[PDB]
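Data block below; observations after.
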Amino acid sequence: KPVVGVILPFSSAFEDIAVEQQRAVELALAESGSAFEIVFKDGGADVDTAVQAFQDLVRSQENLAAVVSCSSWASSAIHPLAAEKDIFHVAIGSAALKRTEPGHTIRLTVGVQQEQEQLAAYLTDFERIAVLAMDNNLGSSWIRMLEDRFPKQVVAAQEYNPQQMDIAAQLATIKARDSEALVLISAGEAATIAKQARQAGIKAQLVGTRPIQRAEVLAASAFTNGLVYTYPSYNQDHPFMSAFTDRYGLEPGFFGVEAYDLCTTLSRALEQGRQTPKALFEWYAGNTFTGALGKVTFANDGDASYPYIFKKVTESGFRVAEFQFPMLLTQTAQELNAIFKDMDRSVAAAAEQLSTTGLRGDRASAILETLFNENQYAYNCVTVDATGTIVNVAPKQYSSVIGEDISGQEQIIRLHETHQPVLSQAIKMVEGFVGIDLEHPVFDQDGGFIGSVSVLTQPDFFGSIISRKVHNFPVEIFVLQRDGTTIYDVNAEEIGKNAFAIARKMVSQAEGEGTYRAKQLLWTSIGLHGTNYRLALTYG
Ligand SMILES: CC(C)CC(=O)C(=O)O
Ligand SMILES: Nc1ccnc(=O)[nH]1
Ligand SMILES: [Ca+2]
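Using the entry's author numbering, the letters of the sequence shown correspond one by one to residues 32 to 532, 545 to 560, 571 to 593.
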């Protein structure tokens with residue numbers, strides 16, 4: 032009967048997390064039929080005490096199938112040791128895991144980097160940012176990340192021992208920098224940090240991360256109310272939530288939920304005969320599991336991934352932050368408008384220049400070559416004469432489009448009939464894909480119309496912008512044409528589909556919201582020169 036060793040920080044500031052994890056593990060094992068035996072060890076408060084628990088655990092257990100460790104510091108220290116002794120290793124409650132041995136250590140905790148990328152969407156609207164972080168590799172990793180992302184805005188980076196909780200100094204340093212947001216890299220001890228900071232006159236918006244969602248923090252809503260934090264987006268509907276609550280008298284937080292999915296999946300692995308470190312690692316690596324944490328996907332390097340959301344502390348409980356959905360849509364609308372504005376300016380400037388050079392030849396080509404470098408979302412740039420014929424292009428590798436008659440393209444007609452700039456609908460281009468063309472008219476020295484200059488955007492223009500914005504949030508953003516045609520959707524099978532073949548309202552209104560089936574929908578519009586696209590965000 033295989034033995035799994037489980038090292039948790041019982042003798043430490045994170046006692047409560049440790050007991051939660053222990054509870055969840057024991058609950059999980061009782062029901063699964065006990066595919067393995069558990070022995071618990073006390074990792075203590077620092078790295079040495081955890082390395083000692085591991086070494087002791089190895090000395091005392093011959094049939095040791097695996098070692099599970101809680102905390103970024105325990106896990107980073109055990110990782111190379113387990114590898115050397117060829118013991119399968121799982122890290123839980125470990126966002127700042129440092130990997131050196133490829134193919135070793137499976138990790139169920141989403142990393143600092145991913146969580147930091149999401150938190151940055153909120154923090155970017157604060158010009159003065161203070162950080163107070165636990166003095167261990169989780170704190171220091173968050174500090175180093177936040178400092179890299181926000182060089183100018185980060186005005187203070189203070190550490191604290193979570194066992195000692197002597198923070199009067201750090202909080203003095205901090206108040207003296209008049210921060211706009213105070214980021215706490217803290218678990219439950221944040222309720223005390225919050226109290227003292229408010230009593231010390233600090234009025235800054237409090238901000239935290241995954242570990243901060245503890246009952247202590249909610250109880251202290253007198254001080255913590257309004258605090259915004261990033262958190263895994265699993266729902267409460269899983270049977271584990273209720274089983275744990277009924278047995279132990281309180282709801283399990285992240286660490287319980289995580290520890291329950293570890294037992295469930297490891298149990299199944301040890302039943303199926305997987306027993307070597309390589310087999311146990313491969314069990315997880317590349318795989319998707321659905322469980323109490325929701326849908327969990329493991330990369331080839333053994334790291335779990337699952338979506339996060341913004342949450343906030345309120346008087347009545349921990350809540351999903353309503354603000355994030357319109358925020359993400361607006362932030363995306365804004366990046367798109369600024370990209371379009373940049374393109375429009377560059378093309379307008381290029382038209383001014385082509386006035387003296389004409390549209391053909393080496394001087395024209397040079398304007399085109401530069402215009403393309405000025406437009407990172409360009410596929411190419413052309414000039415088009417008064418007849419609607421492409422007469423020049425950069426990059427020159429697309430020289431075959433020269434001579435192509437595009438006088439029948441809808442935007443080209445409009446430019447010819449208005450002698451004003453146009454942004455096309457998403458139409459099939461001679462280059463071989465459905466794209467979007469921005470054109471400005473060109474006039475010679477005497478004011479006579481001589482044609483137009485164009486930037487054609489990349490085939491994946493919208494996707495390349497949108498997918499970065501929505502990365503790891505449980506939402507989708509799509510783009511619709513005025514006539515209802517889908518221009519961009521993360522599911523490409525939908526691209527090109529109409530909605531005349545809430546959709547009706549999206550056609551006629553530039554902004555809106557709605558609900559279908571249960572999903573919420575928000576939309577706005579982006580565009581130029583009378584060509585507007587609808588930008589919609591959906592979420593549960
Ligand atoms: C005991 C926890 C605060 C540790 C944790 O959540 C982490 O290291 O990522
Ligand atoms: N580069 C292009 C501009 C306008 N229309 C096209 O089909 N291609
Ligand atoms: Ca696998």
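In this text, a Cβ means the ideal position worked out from N, Cα and C, and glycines have one as well.
Endpoints, beta strand (DSSP E) assigned at residue i
i                 : result
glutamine 573     : 572-581
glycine 232       : Segment: none, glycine 232 is in no beta strand (DSSP E) and carries neither H nor E.
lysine 342        : 339-345
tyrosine 408      : Looking at the DSSP string, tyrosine 408 is not in any beta strand (DSSP E), and its letter there is neither H nor E.
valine 98         : 95-101
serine 485        : 480-488
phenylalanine 320 : 319-322
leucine 128       : Where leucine 128 is concerned, there is no enclosing beta strand (DSSP E), given that its DSSP letter is neither H nor E.
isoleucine 518    : 517-519
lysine 326        : 325-329
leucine 215       : 212-216
Residue i vs residue j beta-carbon contact at 8 Å
i             : j                : result
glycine 257   : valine 162       : no
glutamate 441 : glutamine 451    : no
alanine 250   : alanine 222      : yes
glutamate 462 : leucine 446      : no
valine 99     : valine 35        : yes
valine 37     : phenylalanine 71 : yes
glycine 170   : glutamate 190    : yes
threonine 255 : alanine 225      : yes
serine 217    : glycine 239      : yes
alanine 151   : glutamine 362    : no
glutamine 194 : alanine 44       : yes
Cβ neighbour criterion (16 or more within 10 Å) applied to residue i
i                 : result
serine 431        : exposed
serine 273        : exposed
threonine 387     : exposed
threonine 516     : buried
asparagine 167    : buried
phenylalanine 356 : buried
residue 535       : Missing here is residue 535: after 532, the next number in the chain is 545.
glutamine 244     : buried
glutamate 554     : exposed
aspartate 268     : exposed
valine 521        : exposed
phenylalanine 531 : exposed
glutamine 476     : exposed
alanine 523       : exposed
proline 263       : buried
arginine 305      : buried
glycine 434       : exposed
Opening and closing residue of the alpha helix (DSSP H) in which residue i lies
i              : result
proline 270    : 270-279
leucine 359    : 355-388
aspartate 77   : Taken as a continuous stretch (DSSP letters only), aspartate 77 belongs to no alpha helix (DSSP H), as it is neither H nor E.
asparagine 168 : 168-180
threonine 261  : Looking at the DSSP string, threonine 261 is not in any alpha helix (DSSP H); the run it does join, the beta strand (DSSP E), is 259-263.
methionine 549 : 546-551
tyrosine 153   : 143-154
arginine 499   : 492-501
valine 288     : 285-302
Inter-residue Cα distance where the pair is residue i and residue j
i                 : j                 : result
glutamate 132     : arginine 278      : 40 Å
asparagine 192    : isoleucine 370    : 45 Å
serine 298        : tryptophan 314    : 11 Å
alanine 571       : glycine 593       : 6 Å
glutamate 525     : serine 336        : 26 Å
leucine 202       : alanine 253       : 19 Å
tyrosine 408      : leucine 128       : 36 Å
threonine 591     : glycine 284       : 27 Å
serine 377        : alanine 164       : 45 Å
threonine 401     : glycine 389       : 16 Å
residue 596       : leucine 177       : One cannot answer for residue 596 here, as it falls past the ends of the chain, which runs 32 to 593.
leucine 281       : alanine 212       : 31 Å
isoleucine 437    : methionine 358    : 40 Å
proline 242       : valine 424        : 55 Å
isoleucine 497    : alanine 589       : 11 Å
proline 270       : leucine 60        : 15 Å
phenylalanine 354 : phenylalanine 492 : 27 Å
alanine 395       : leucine 385       : 6 Å
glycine 583       : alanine 397       : 30 Å
Beta-carbon separation (whole angstroms), residue i vs residue j, contact threshold 8 Å
i              : j             : result
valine 506     : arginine 587  : About 16 Å separates the two Cβ atoms, so there is no contact after all.
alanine 330    : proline 472   : With 8 Å as the limit, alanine 330 and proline 472 do not qualify as a contact, their Cβ atoms being about 50 Å apart.
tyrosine 339   : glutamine 149 : 5 Å
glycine 557    : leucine 574   : 5 Å
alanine 228    : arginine 208  : Contact flag wrong, Cβ pair sits at about 13 Å.
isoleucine 443 : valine 415    : 7 Å
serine 42      : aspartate 73  : 5 Å
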